[PDB]
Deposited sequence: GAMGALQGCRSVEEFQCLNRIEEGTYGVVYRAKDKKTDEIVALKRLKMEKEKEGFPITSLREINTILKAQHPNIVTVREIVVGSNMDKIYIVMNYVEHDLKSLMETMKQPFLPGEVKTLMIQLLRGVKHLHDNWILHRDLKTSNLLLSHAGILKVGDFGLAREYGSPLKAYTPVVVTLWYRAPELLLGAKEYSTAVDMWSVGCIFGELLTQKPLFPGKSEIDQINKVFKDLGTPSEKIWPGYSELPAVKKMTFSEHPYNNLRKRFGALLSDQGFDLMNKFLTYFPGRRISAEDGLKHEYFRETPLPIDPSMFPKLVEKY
């Protein structure tokens, strides 16, 4: 109604995003449908997070449509030219370090808005990252986003896509907050440099092994509460010592920033606010203007 679906874009979870026109090309997504009808809770949770997350580095919501006896719910949003995963598969040469810093600064600023507003996204991935022709980066999907409070409690155990899933979720952590989001940001950082996924594990066991092979095998000394972890209680993985795959590509401060991103201990994991304060973004390859981004 009121929109002509030009072409469906992609399917995520039970939600699907189309491309329509107003008079102006728009982006339209229908939220996940629920069997129980007695207003959908999952639809409301997605609506709440995306509204509170309204930010220049977040997708612009034009309208939200409900009706049909509350069976169908739609969210009208401004159409973005590209999604980041598409560029990775359709670029001849890797992103410049200045462009990477600009995208990371855009990403980190948007992440800080969510956490300051008690918002957890938990589904940070390249295909969920939208890049405009003008260099503006926005976050697209909120199908996993959820609110959290100061007194922490148990939430959704299995969250985040396996490739970007935090190790604590890979080890079945009962409580998690803001640590998984920063882990995904670190995973996206490595992908940008190499145009390839950082940890493309085939399964949860493979995902844990891939992380441990390069980042080493964590322990109680480097991670308090490792013994109490439900997975580590009845399991013991192979000890992998030491590995940098970005030789002569990432600066010394770049490695330090990445190490803080991919920190095994959630407490020692760098926050979004401290990420922007790292000297890597203030190094010799200064970030490039968003308006100066090359052609797509």
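Engineer: Quickly check which stretches of the deposited sequence aren't in the model, judged by C-alpha, and list them in order.
Structural biologist: According to the record, the gaps fall at 1 to 12, 36 to 38, 54, 259 to 261, 316 to 319.
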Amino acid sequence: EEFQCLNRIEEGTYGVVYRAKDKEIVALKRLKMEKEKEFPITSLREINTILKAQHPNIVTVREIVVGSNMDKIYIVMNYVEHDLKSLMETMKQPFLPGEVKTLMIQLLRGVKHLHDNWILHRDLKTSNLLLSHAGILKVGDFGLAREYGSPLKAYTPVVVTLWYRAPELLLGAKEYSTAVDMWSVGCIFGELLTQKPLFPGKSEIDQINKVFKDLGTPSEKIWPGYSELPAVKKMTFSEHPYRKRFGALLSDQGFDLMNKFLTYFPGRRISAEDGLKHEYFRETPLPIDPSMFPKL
From here on, numbers count along this sequence of modelled residues.
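Engineer: Taking only the CA atoms, which stretch has the higher mean B-factor in the record, 27 to 35 or 56 to 64?
Structural biologist: Averaging CA B-factors over each stretch, the winner is 27 to 35.
Engineer: Which is higher on average in the deposited entry, the C-alpha temperature factors of 84 to 92 or of 100 to 108?
Structural biologist: Per the deposited B-factors, the answer is 84 to 92.
Engineer: Just to confirm, going by the entry's C-alpha B-factors, which of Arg165, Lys153, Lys125, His113 comes out highest?
Structural biologist: If I rank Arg165, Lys153, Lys125, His113 by C-alpha B-factor, first place goes to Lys153.
Engineer: C-alpha B factor of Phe199, ranked within the chain: lowest, middle or highest third?
Structural biologist: Within its chain, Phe199 is a middle-third residue by C-alpha B-factor, going by the deposited values.
Engineer: Considering every modelled residue of the chain and its Cα B-factor in the PDB entry, is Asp256 in the lowest, middle or highest third?
Structural biologist: Bottom third by C-alpha B-factor.
Engineer: Would you mind ranking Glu11 by its C-alpha B-factor against the rest of the chain and naming the third, lowest, middle or highest?
Structural biologist: Top third by C-alpha B-factor.
Engineer: For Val160, does the deposited CA B-factor place it in the lowest, middle or highest third of the chain?
Structural biologist: According to the entry, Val160 has a C-alpha B-factor in the chain's lowest third.
Engineer: Can you work out whether the C-alpha temperature factor of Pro218 puts it in the lowest, middle or highest third of the chain?
Structural biologist: Its C-alpha B-factor belongs to the middle third of this chain's values.
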